[PDB]
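Coordinates from model_21.cif are shown below (mmCIF, N, CA and C atoms).
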data_start
#
loop_
_atom_site.group_PDB
_atom_site.id
_atom_site.type_symbol
_atom_site.label_atom_id
_atom_site.label_comp_id
_atom_site.auth_asym_id
_atom_site.auth_seq_id
_atom_site.Cartn_x
_atom_site.Cartn_y
_atom_site.Cartn_z
ATOM 1 N N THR A 961 254.964 -36.017 100.863
ATOM 2 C CA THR A 961 255.381 -37.337 100.398
ATOM 3 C C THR A 961 254.964 -38.415 101.381
ATOM 4 N N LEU A 962 255.160 -38.158 102.671
ATOM 5 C CA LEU A 962 254.802 -39.157 103.671
ATOM 6 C C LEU A 962 253.315 -39.478 103.626
ATOM 7 N N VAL A 963 252.468 -38.453 103.554
ATOM 8 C CA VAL A 963 251.032 -38.705 103.518
ATOM 9 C C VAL A 963 250.654 -39.446 102.253
ATOM 10 N N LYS A 964 251.115 -38.956 101.104
ATOM 11 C CA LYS A 964 250.742 -39.571 99.840
ATOM 12 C C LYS A 964 251.122 -41.039 99.800
ATOM 13 N N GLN A 965 252.254 -41.397 100.415
ATOM 14 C CA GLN A 965 252.710 -42.781 100.364
ATOM 15 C C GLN A 965 251.644 -43.766 100.805
ATOM 16 N N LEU A 966 250.642 -43.310 101.549
ATOM 17 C CA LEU A 966 249.622 -44.213 102.050
ATOM 18 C C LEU A 966 248.772 -44.803 100.938
ATOM 19 N N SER A 967 248.851 -44.260 99.727
ATOM 20 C CA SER A 967 247.932 -44.616 98.652
ATOM 21 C C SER A 967 248.433 -45.731 97.750
ATOM 22 N N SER A 968 249.582 -46.318 98.043
ATOM 23 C CA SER A 968 250.179 -47.299 97.153
ATOM 24 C C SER A 968 249.882 -48.718 97.631
ATOM 25 N N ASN A 969 249.545 -49.591 96.678
ATOM 26 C CA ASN A 969 249.172 -50.951 97.038
ATOM 27 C C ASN A 969 250.297 -51.711 97.709
ATOM 28 N N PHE A 970 251.553 -51.401 97.389
ATOM 29 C CA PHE A 970 252.689 -52.143 97.933
ATOM 30 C C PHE A 970 252.546 -53.645 97.719
ATOM 31 N N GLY A 971 251.977 -54.056 96.596
ATOM 32 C CA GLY A 971 251.912 -55.463 96.261
ATOM 33 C C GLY A 971 250.739 -56.227 96.834
ATOM 34 N N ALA A 972 249.936 -55.611 97.691
ATOM 35 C CA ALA A 972 248.820 -56.322 98.289
ATOM 36 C C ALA A 972 247.605 -56.294 97.368
ATOM 37 N N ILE A 973 246.491 -56.826 97.875
ATOM 38 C CA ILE A 973 245.257 -56.830 97.106
ATOM 39 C C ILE A 973 244.743 -55.433 96.865
ATOM 40 N N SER A 974 244.789 -54.574 97.872
ATOM 41 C CA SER A 974 244.277 -53.221 97.726
ATOM 42 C C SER A 974 244.939 -52.353 98.782
ATOM 43 N N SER A 975 245.060 -51.070 98.469
ATOM 44 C CA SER A 975 245.705 -50.124 99.361
ATOM 45 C C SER A 975 244.951 -49.936 100.662
ATOM 46 N N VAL A 976 243.640 -49.753 100.605
ATOM 47 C CA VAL A 976 242.870 -49.299 101.754
ATOM 48 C C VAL A 976 242.779 -50.441 102.747
ATOM 49 N N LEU A 977 243.302 -50.222 103.951
ATOM 50 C CA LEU A 977 243.401 -51.308 104.917
ATOM 51 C C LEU A 977 242.027 -51.715 105.443
ATOM 52 N N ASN A 978 241.093 -50.761 105.504
ATOM 53 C CA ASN A 978 239.743 -51.062 105.967
ATOM 54 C C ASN A 978 238.999 -51.962 104.997
ATOM 55 N N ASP A 979 239.542 -52.169 103.796
ATOM 56 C CA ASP A 979 238.906 -53.092 102.866
ATOM 57 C C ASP A 979 239.618 -54.437 102.874
ATOM 58 N N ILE A 980 240.946 -54.427 102.998
ATOM 59 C CA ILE A 980 241.668 -55.686 103.138
ATOM 60 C C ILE A 980 241.192 -56.432 104.373
ATOM 61 N N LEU A 981 241.036 -55.724 105.494
ATOM 62 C CA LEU A 981 240.507 -56.362 106.695
ATOM 63 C C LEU A 981 239.109 -56.906 106.468
ATOM 64 N N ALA A 982 238.267 -56.138 105.794
ATOM 65 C CA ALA A 982 236.855 -56.448 105.667
ATOM 66 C C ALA A 982 236.531 -57.307 104.455
ATOM 67 N N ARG A 983 237.533 -57.790 103.730
ATOM 68 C CA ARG A 983 237.297 -58.606 102.545
ATOM 69 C C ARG A 983 237.794 -60.034 102.688
ATOM 70 N N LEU A 984 239.075 -60.226 102.984
ATOM 71 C CA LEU A 984 239.693 -61.537 103.089
ATOM 72 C C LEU A 984 239.467 -62.133 104.469
ATOM 73 N N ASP A 985 239.557 -63.455 104.548
ATOM 74 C CA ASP A 985 239.515 -64.147 105.825
ATOM 75 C C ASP A 985 240.786 -63.868 106.609
ATOM 76 N N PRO A 986 240.743 -64.019 107.930
ATOM 77 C CA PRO A 986 241.936 -63.772 108.758
ATOM 78 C C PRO A 986 243.139 -64.584 108.302
ATOM 79 N N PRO A 987 243.012 -65.937 108.170
ATOM 80 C CA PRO A 987 244.199 -66.739 107.846
ATOM 81 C C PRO A 987 244.814 -66.343 106.519
ATOM 82 N N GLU A 988 243.990 -65.792 105.639
ATOM 83 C CA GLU A 988 244.451 -65.164 104.413
ATOM 84 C C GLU A 988 244.863 -63.717 104.634
ATOM 85 N N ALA A 989 244.203 -63.029 105.574
ATOM 86 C CA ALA A 989 244.454 -61.607 105.785
ATOM 87 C C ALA A 989 245.900 -61.346 106.150
ATOM 88 N N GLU A 990 246.458 -62.155 107.057
ATOM 89 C CA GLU A 990 247.800 -61.881 107.570
ATOM 90 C C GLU A 990 248.780 -61.650 106.430
ATOM 91 N N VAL A 991 248.647 -62.448 105.373
ATOM 92 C CA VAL A 991 249.561 -62.340 104.241
ATOM 93 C C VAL A 991 249.489 -60.949 103.633
ATOM 94 N N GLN A 992 248.301 -60.549 103.184
ATOM 95 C CA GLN A 992 248.175 -59.297 102.452
ATOM 96 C C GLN A 992 248.441 -58.098 103.350
ATOM 97 N N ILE A 993 248.302 -58.267 104.665
ATOM 98 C CA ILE A 993 248.643 -57.160 105.554
ATOM 99 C C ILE A 993 250.151 -57.070 105.727
ATOM 100 N N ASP A 994 250.853 -58.195 105.574
ATOM 101 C CA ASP A 994 252.285 -58.213 105.843
ATOM 102 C C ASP A 994 253.060 -57.240 104.958
ATOM 103 N N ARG A 995 252.877 -57.332 103.642
ATOM 104 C CA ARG A 995 253.634 -56.455 102.762
ATOM 105 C C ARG A 995 253.244 -55.005 102.989
ATOM 106 N N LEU A 996 251.989 -54.767 103.357
ATOM 107 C CA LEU A 996 251.554 -53.400 103.593
ATOM 108 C C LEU A 996 252.258 -52.816 104.808
ATOM 109 N N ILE A 997 252.362 -53.601 105.879
ATOM 110 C CA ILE A 997 253.058 -53.128 107.072
ATOM 111 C C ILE A 997 254.518 -52.855 106.764
ATOM 112 N N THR A 998 255.177 -53.775 106.062
ATOM 113 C CA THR A 998 256.604 -53.574 105.830
ATOM 114 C C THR A 998 256.845 -52.353 104.948
ATOM 115 N N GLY A 999 255.994 -52.146 103.940
ATOM 116 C CA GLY A 999 256.166 -50.987 103.081
ATOM 117 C C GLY A 999 255.972 -49.686 103.827
ATOM 118 N N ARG A 1000 254.917 -49.610 104.637
ATOM 119 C CA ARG A 1000 254.672 -48.371 105.359
ATOM 120 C C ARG A 1000 255.748 -48.108 106.397
ATOM 121 N N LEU A 1001 256.230 -49.156 107.065
ATOM 122 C CA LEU A 1001 257.356 -48.988 107.974
ATOM 123 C C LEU A 1001 258.566 -48.411 107.266
ATOM 124 N N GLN A 1002 258.951 -49.000 106.133
ATOM 125 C CA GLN A 1002 260.143 -48.512 105.452
ATOM 126 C C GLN A 1002 259.971 -47.059 105.020
ATOM 127 N N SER A 1003 258.753 -46.675 104.628
ATOM 128 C CA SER A 1003 258.514 -45.270 104.307
ATOM 129 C C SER A 1003 258.680 -44.384 105.534
ATOM 130 N N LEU A 1004 258.170 -44.835 106.676
ATOM 131 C CA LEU A 1004 258.268 -44.022 107.879
ATOM 132 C C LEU A 1004 259.719 -43.861 108.303
ATOM 133 N N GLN A 1005 260.504 -44.934 108.193
ATOM 134 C CA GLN A 1005 261.914 -44.841 108.556
ATOM 135 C C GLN A 1005 262.675 -43.904 107.634
ATOM 136 N N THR A 1006 262.402 -43.947 106.331
ATOM 137 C CA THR A 1006 263.060 -42.983 105.457
ATOM 138 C C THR A 1006 262.698 -41.564 105.865
ATOM 139 N N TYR A 1007 261.428 -41.340 106.198
ATOM 140 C CA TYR A 1007 261.021 -40.000 106.595
ATOM 141 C C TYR A 1007 261.802 -39.537 107.810
ATOM 142 N N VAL A 1008 261.879 -40.374 108.842
ATOM 143 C CA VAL A 1008 262.520 -39.888 110.058
ATOM 144 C C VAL A 1008 264.015 -39.729 109.843
ATOM 145 N N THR A 1009 264.611 -40.559 108.990
ATOM 146 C CA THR A 1009 266.039 -40.431 108.746
ATOM 147 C C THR A 1009 266.364 -39.105 108.084
ATOM 148 N N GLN A 1010 265.550 -38.679 107.118
ATOM 149 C CA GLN A 1010 265.792 -37.354 106.544
ATOM 150 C C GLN A 1010 265.466 -36.243 107.536
ATOM 151 N N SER B 366 224.093 -67.168 100.554
ATOM 152 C CA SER B 366 223.960 -68.296 101.469
ATOM 153 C C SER B 366 223.296 -69.486 100.795
ATOM 154 N N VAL B 367 222.442 -69.239 99.801
ATOM 155 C CA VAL B 367 221.864 -70.346 99.046
ATOM 156 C C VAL B 367 222.963 -71.135 98.351
ATOM 157 N N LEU B 368 223.877 -70.440 97.678
ATOM 158 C CA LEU B 368 224.955 -71.113 96.963
ATOM 159 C C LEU B 368 226.009 -71.695 97.901
ATOM 160 N N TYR B 369 226.450 -70.931 98.905
ATOM 161 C CA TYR B 369 227.572 -71.466 99.674
ATOM 162 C C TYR B 369 227.142 -72.275 100.889
ATOM 163 N N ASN B 370 225.846 -72.481 101.103
ATOM 164 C CA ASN B 370 225.395 -73.473 102.068
ATOM 165 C C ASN B 370 224.802 -74.702 101.396
ATOM 166 N N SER B 371 224.653 -74.676 100.076
ATOM 167 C CA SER B 371 224.426 -75.889 99.307
ATOM 168 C C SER B 371 225.765 -76.562 99.040
ATOM 169 N N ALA B 372 226.030 -77.653 99.752
ATOM 170 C CA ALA B 372 227.305 -78.352 99.671
ATOM 171 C C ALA B 372 227.381 -79.312 98.493
ATOM 172 N N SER B 373 226.302 -79.441 97.721
ATOM 173 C CA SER B 373 226.250 -80.416 96.639
ATOM 174 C C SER B 373 227.344 -80.211 95.598
ATOM 175 N N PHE B 374 227.854 -78.992 95.448
ATOM 176 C CA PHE B 374 228.850 -78.713 94.421
ATOM 177 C C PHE B 374 230.211 -79.222 94.881
ATOM 178 N N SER B 375 231.179 -79.288 93.961
ATOM 179 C CA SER B 375 232.419 -79.995 94.274
ATOM 180 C C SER B 375 233.567 -79.040 94.580
ATOM 181 N N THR B 376 233.585 -77.855 93.968
ATOM 182 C CA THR B 376 234.692 -76.947 94.262
ATOM 183 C C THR B 376 234.187 -75.546 94.582
ATOM 184 N N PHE B 377 234.704 -74.972 95.679
ATOM 185 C CA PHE B 377 234.400 -73.593 96.083
ATOM 186 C C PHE B 377 235.679 -72.964 96.639
ATOM 187 N N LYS B 378 236.475 -72.358 95.761
ATOM 188 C CA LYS B 378 237.726 -71.706 96.135
ATOM 189 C C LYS B 378 237.735 -70.292 95.574
ATOM 190 N N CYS B 379 237.711 -69.298 96.461
ATOM 191 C CA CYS B 379 237.485 -67.919 96.057
ATOM 192 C C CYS B 379 238.760 -67.097 96.177
ATOM 193 N N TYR B 380 238.946 -66.207 95.202
ATOM 194 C CA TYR B 380 240.183 -65.468 95.003
ATOM 195 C C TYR B 380 239.933 -63.995 95.279
ATOM 196 N N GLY B 381 240.787 -63.404 96.110
ATOM 197 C CA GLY B 381 240.667 -62.010 96.465
ATOM 198 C C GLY B 381 239.573 -61.694 97.457
ATOM 199 N N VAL B 382 238.677 -62.641 97.740
ATOM 200 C CA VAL B 382 237.593 -62.450 98.696
ATOM 201 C C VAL B 382 237.424 -63.761 99.436
ATOM 202 N N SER B 383 236.439 -63.818 100.307
ATOM 203 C CA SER B 383 236.303 -65.108 100.972
ATOM 204 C C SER B 383 234.848 -65.549 100.984
ATOM 205 N N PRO B 384 234.581 -66.854 100.887
ATOM 206 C CA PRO B 384 233.189 -67.322 100.783
ATOM 207 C C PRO B 384 232.282 -66.880 101.920
ATOM 208 N N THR B 385 232.610 -67.217 103.170
ATOM 209 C CA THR B 385 231.639 -67.114 104.257
ATOM 210 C C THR B 385 231.147 -65.686 104.440
ATOM 211 N N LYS B 386 232.021 -64.712 104.227
ATOM 212 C CA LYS B 386 231.608 -63.332 104.425
ATOM 213 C C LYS B 386 231.460 -62.573 103.114
ATOM 214 N N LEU B 387 231.284 -63.297 102.005
ATOM 215 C CA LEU B 387 230.844 -62.678 100.759
ATOM 216 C C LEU B 387 229.521 -61.951 100.957
ATOM 217 N N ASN B 388 228.796 -62.304 102.015
ATOM 218 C CA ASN B 388 227.538 -61.653 102.348
ATOM 219 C C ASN B 388 227.798 -60.343 103.067
ATOM 220 N N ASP B 389 228.994 -59.785 102.889
ATOM 221 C CA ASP B 389 229.341 -58.532 103.539
ATOM 222 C C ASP B 389 229.630 -57.411 102.543
ATOM 223 N N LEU B 390 230.225 -57.719 101.393
ATOM 224 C CA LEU B 390 230.647 -56.675 100.470
ATOM 225 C C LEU B 390 229.560 -56.384 99.438
ATOM 226 N N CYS B 391 229.439 -55.107 99.076
ATOM 227 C CA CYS B 391 228.464 -54.658 98.088
ATOM 228 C C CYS B 391 229.200 -54.386 96.785
ATOM 229 N N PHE B 392 228.679 -54.920 95.683
ATOM 230 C CA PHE B 392 229.483 -55.146 94.494
ATOM 231 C C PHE B 392 229.043 -54.267 93.332
ATOM 232 N N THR B 393 230.034 -53.766 92.595
ATOM 233 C CA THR B 393 229.771 -53.016 91.373
ATOM 234 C C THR B 393 229.051 -53.870 90.338
ATOM 235 N N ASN B 394 229.681 -54.960 89.915
ATOM 236 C CA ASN B 394 229.154 -55.824 88.875
ATOM 237 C C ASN B 394 229.540 -57.263 89.172
ATOM 238 N N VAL B 395 228.645 -58.180 88.832
ATOM 239 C CA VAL B 395 228.943 -59.604 88.895
ATOM 240 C C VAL B 395 228.533 -60.231 87.573
ATOM 241 N N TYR B 396 229.429 -61.045 87.024
ATOM 242 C CA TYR B 396 229.223 -61.684 85.733
ATOM 243 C C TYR B 396 229.151 -63.177 85.997
ATOM 244 N N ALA B 397 228.069 -63.808 85.571
ATOM 245 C CA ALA B 397 227.926 -65.250 85.667
ATOM 246 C C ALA B 397 228.272 -65.854 84.319
ATOM 247 N N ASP B 398 229.171 -66.831 84.326
ATOM 248 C CA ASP B 398 229.619 -67.469 83.099
ATOM 249 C C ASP B 398 229.664 -68.973 83.306
ATOM 250 N N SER B 399 229.198 -69.724 82.316
ATOM 251 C CA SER B 399 229.019 -71.162 82.459
ATOM 252 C C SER B 399 229.621 -71.888 81.268
ATOM 253 N N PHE B 400 230.007 -73.141 81.485
ATOM 254 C CA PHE B 400 230.524 -73.985 80.417
ATOM 255 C C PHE B 400 230.589 -75.418 80.921
ATOM 256 N N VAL B 401 230.915 -76.330 80.010
ATOM 257 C CA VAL B 401 230.933 -77.763 80.281
ATOM 258 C C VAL B 401 232.287 -78.301 79.847
ATOM 259 N N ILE B 402 232.939 -79.060 80.729
ATOM 260 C CA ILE B 402 234.259 -79.629 80.456
ATOM 261 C C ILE B 402 234.342 -81.009 81.093
ATOM 262 N N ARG B 403 235.521 -81.616 81.010
ATOM 263 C CA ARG B 403 235.768 -82.814 81.799
ATOM 264 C C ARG B 403 236.248 -82.439 83.198
ATOM 265 N N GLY B 404 236.040 -83.355 84.144
ATOM 266 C CA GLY B 404 236.419 -83.145 85.529
ATOM 267 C C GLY B 404 237.885 -83.337 85.831
ATOM 268 N N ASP B 405 238.691 -83.671 84.826
ATOM 269 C CA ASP B 405 240.141 -83.652 84.957
ATOM 270 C C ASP B 405 240.598 -82.219 85.163
ATOM 271 N N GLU B 406 240.062 -81.332 84.348
ATOM 272 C CA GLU B 406 240.539 -79.987 84.102
ATOM 273 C C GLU B 406 240.007 -78.978 85.068
ATOM 274 N N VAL B 407 239.554 -79.391 86.255
ATOM 275 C CA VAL B 407 239.227 -78.415 87.291
ATOM 276 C C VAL B 407 240.492 -77.750 87.809
ATOM 277 N N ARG B 408 241.666 -78.288 87.455
ATOM 278 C CA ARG B 408 242.895 -77.559 87.736
ATOM 279 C C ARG B 408 243.141 -76.474 86.702
ATOM 280 N N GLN B 409 242.511 -76.568 85.526
ATOM 281 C CA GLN B 409 242.745 -75.542 84.516
ATOM 282 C C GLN B 409 241.791 -74.368 84.659
ATOM 283 N N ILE B 410 240.891 -74.407 85.635
ATOM 284 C CA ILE B 410 240.227 -73.184 86.104
ATOM 285 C C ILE B 410 241.109 -72.659 87.230
ATOM 286 N N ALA B 411 242.189 -71.988 86.839
ATOM 287 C CA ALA B 411 243.185 -71.544 87.802
ATOM 288 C C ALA B 411 244.062 -70.445 87.216
ATOM 289 N N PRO B 412 244.410 -69.445 88.005
ATOM 290 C CA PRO B 412 245.323 -68.404 87.525
ATOM 291 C C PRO B 412 246.761 -68.889 87.467
ATOM 292 N N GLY B 413 247.283 -69.066 86.260
ATOM 293 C CA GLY B 413 248.662 -69.460 86.078
ATOM 294 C C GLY B 413 248.891 -70.890 85.647
ATOM 295 N N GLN B 414 247.878 -71.567 85.117
ATOM 296 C CA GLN B 414 248.043 -72.945 84.688
ATOM 297 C C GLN B 414 247.943 -73.037 83.167
#
Once more with this new file: its structure as structure tokens, please.
Amino acid sequence: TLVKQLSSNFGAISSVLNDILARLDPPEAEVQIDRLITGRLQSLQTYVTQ
Amino acid sequence: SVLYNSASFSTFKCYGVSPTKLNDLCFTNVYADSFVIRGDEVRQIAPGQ
């Protein structure tokens, strides 16, 4: 479950971070990276809590 | 670079990608579509209007 969770867009432009970085401009990038970071963090915390 | 270094045009606002480094991504398909309107309605070329 933890590994698979990496494949979800979490509301951003695209799941794959190497494309979000390489597509949008930085001042725009921060936004689309934000939801991705928060989603992956919350997944990691659920994992460690169980 | 021909299109985005020709400043003669009036609006260049790109969605999901960015102009200056559009010369970086390799694309599946690109569709060119053209039409004629009044210059009031450049706000109606917009997602959600």
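A straight line drawn from CA of residue 967 in chain A to CA of residue 1000 in chain A is 10.2 Å long.
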Go through the shown structure with the PyMOL selection byres ((chain A) within 6 of (chain B)) and write out the matching residues as an MDAnalysis selection string.
-> chainID A and resid 983:985
Output of the above residues as a PDB file, in the coordinates of the input, restricted to N, CA and C atoms:
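So the final result, stored in out.pdb, reads:
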ATOM      1  N   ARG A 983     237.533 -57.790 103.730  1.00  0.00           N
ATOM      2  CA  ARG A 983     237.297 -58.606 102.545  1.00  0.00           C
ATOM      3  C   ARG A 983     237.794 -60.034 102.688  1.00  0.00           C
ATOM      4  N   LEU A 984     239.075 -60.226 102.984  1.00  0.00           N
ATOM      5  CA  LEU A 984     239.693 -61.537 103.089  1.00  0.00           C
ATOM      6  C   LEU A 984     239.467 -62.133 104.469  1.00  0.00           C
ATOM      7  N   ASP A 985     239.557 -63.455 104.548  1.00  0.00           N
ATOM      8  CA  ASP A 985     239.515 -64.147 105.825  1.00  0.00           C
ATOM      9  C   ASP A 985     240.786 -63.868 106.609  1.00  0.00           C
TER      10      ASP A 985
END
Box for range 392-404 of chain B - axis-aligned, 3 Å on each of the six sides, all listed atoms - centre and size in Å to one decimal, as JSON.
{"center_x": 232.9, "center_y": -68.2, "center_z": 87.8, "size_x": 16.0, "size_y": 36.3, "size_z": 21.8}
Mind checking which residues fall within 12 Å of residue 964 in chain A, counting only C-alpha atoms, ignoring those fewer than 4 positions away in the same chain, and posting them as a PyMOL selection string?
-> chain A and resi 968-969+975+1000+1003-1004
Grab the atom C of residue 1010 in chain A to atom N of residue 966 in chain A distance for me, in Å with one decimal place.
-> 17.5 Å
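Across A:981, A:973, A:965, A:989, the tightest approach to residue 1001 in chain A is made by A:965 when counting only C-alpha atoms.
Going from atom N of residue 407 in chain B over to atom C of residue 987 in chain A, you cover 24.7 Å.
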Determine which residues of chain B receive a DSSP assignment of alpha helix (DSSP H), computed from the backbone, and state them as an MDAnalysis selection string.
-> chainID B and resid 367:370
Enumerate, as a PDB file with N, CA and C atoms, in the coordinates of the input, the protein, DNA and RNA residues whose atoms approach (240.8, -69.8, 89.2) to within 8 Å, taking into account only N, CA and C atoms and the coordinate frame of the file.
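Result saved to selection_4.pdb:
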ATOM      1  N   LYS B 378     236.475 -72.358  95.761  1.00  0.00           N
ATOM      2  CA  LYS B 378     237.726 -71.706  96.135  1.00  0.00           C
ATOM      3  C   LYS B 378     237.735 -70.292  95.574  1.00  0.00           C
ATOM      4  N   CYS B 379     237.711 -69.298  96.461  1.00  0.00           N
ATOM      5  CA  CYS B 379     237.485 -67.919  96.057  1.00  0.00           C
ATOM      6  C   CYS B 379     238.760 -67.097  96.177  1.00  0.00           C
ATOM      7  N   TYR B 380     238.946 -66.207  95.202  1.00  0.00           N
ATOM      8  CA  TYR B 380     240.183 -65.468  95.003  1.00  0.00           C
ATOM      9  C   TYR B 380     239.933 -63.995  95.279  1.00  0.00           C
ATOM     10  N   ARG B 408     241.666 -78.288  87.455  1.00  0.00           N
ATOM     11  CA  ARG B 408     242.895 -77.559  87.736  1.00  0.00           C
ATOM     12  C   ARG B 408     243.141 -76.474  86.702  1.00  0.00           C
ATOM     13  N   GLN B 409     242.511 -76.568  85.526  1.00  0.00           N
ATOM     14  CA  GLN B 409     242.745 -75.542  84.516  1.00  0.00           C
ATOM     15  C   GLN B 409     241.791 -74.368  84.659  1.00  0.00           C
ATOM     16  N   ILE B 410     240.891 -74.407  85.635  1.00  0.00           N
ATOM     17  CA  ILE B 410     240.227 -73.184  86.104  1.00  0.00           C
ATOM     18  C   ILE B 410     241.109 -72.659  87.230  1.00  0.00           C
ATOM     19  N   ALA B 411     242.189 -71.988  86.839  1.00  0.00           N
ATOM     20  CA  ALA B 411     243.185 -71.544  87.802  1.00  0.00           C
ATOM     21  C   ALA B 411     244.062 -70.445  87.216  1.00  0.00           C
ATOM     22  N   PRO B 412     244.410 -69.445  88.005  1.00  0.00           N
ATOM     23  CA  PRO B 412     245.323 -68.404  87.525  1.00  0.00           C
ATOM     24  C   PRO B 412     246.761 -68.889  87.467  1.00  0.00           C
ATOM     25  N   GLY B 413     247.283 -69.066  86.260  1.00  0.00           N
ATOM     26  CA  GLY B 413     248.662 -69.460  86.078  1.00  0.00           C
ATOM     27  C   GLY B 413     248.891 -70.890  85.647  1.00  0.00           C
TER      28      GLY B 413
END
For range 403-414 of chain B, supply N, CA, C and O atoms and format the output as a CSV table (one decimal), in the frame of the given file.
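Saved result, result.csv, follows:
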chain,number,residue,atom,x,y,z
B,403,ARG,N,235.5,-81.6,81.0
B,403,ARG,CA,235.8,-82.8,81.8
B,403,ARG,C,236.2,-82.4,83.2
B,403,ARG,O,236.8,-81.4,83.4
B,404,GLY,N,236.0,-83.4,84.1
B,404,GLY,CA,236.4,-83.1,85.5
B,404,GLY,C,237.9,-83.3,85.8
B,404,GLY,O,238.3,-83.2,87.0
B,405,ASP,N,238.7,-83.7,84.8
B,405,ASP,CA,240.1,-83.7,85.0
B,405,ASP,C,240.6,-82.2,85.2
B,405,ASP,O,241.4,-81.9,86.1
B,406,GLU,N,240.1,-81.3,84.3
B,406,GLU,CA,240.5,-80.0,84.1
B,406,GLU,C,240.0,-79.0,85.1
B,406,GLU,O,240.0,-77.8,84.7
B,407,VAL,N,239.6,-79.4,86.3
B,407,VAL,CA,239.2,-78.4,87.3
B,407,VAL,C,240.5,-77.8,87.8
B,407,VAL,O,240.4,-76.8,88.5
B,408,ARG,N,241.7,-78.3,87.5
B,408,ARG,CA,242.9,-77.6,87.7
B,408,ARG,C,243.1,-76.5,86.7
B,408,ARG,O,243.9,-75.6,87.0
B,409,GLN,N,242.5,-76.6,85.5
B,409,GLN,CA,242.7,-75.5,84.5
B,409,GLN,C,241.8,-74.4,84.7
B,409,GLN,O,241.9,-73.4,83.9
B,410,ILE,N,240.9,-74.4,85.6
B,410,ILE,CA,240.2,-73.2,86.1
B,410,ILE,C,241.1,-72.7,87.2
B,410,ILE,O,240.8,-72.8,88.4
B,411,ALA,N,242.2,-72.0,86.8
B,411,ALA,CA,243.2,-71.5,87.8
B,411,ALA,C,244.1,-70.4,87.2
B,411,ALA,O,244.4,-70.5,86.0
B,412,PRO,N,244.4,-69.4,88.0
B,412,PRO,CA,245.3,-68.4,87.5
B,412,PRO,C,246.8,-68.9,87.5
B,412,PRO,O,247.4,-69.1,88.5
B,413,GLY,N,247.3,-69.1,86.3
B,413,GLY,CA,248.7,-69.5,86.1
B,413,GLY,C,248.9,-70.9,85.6
B,413,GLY,O,250.0,-71.4,85.8
B,414,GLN,N,247.9,-71.6,85.1
B,414,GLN,CA,248.0,-72.9,84.7
B,414,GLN,C,247.9,-73.0,83.2
B,414,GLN,O,247.6,-72.1,82.5
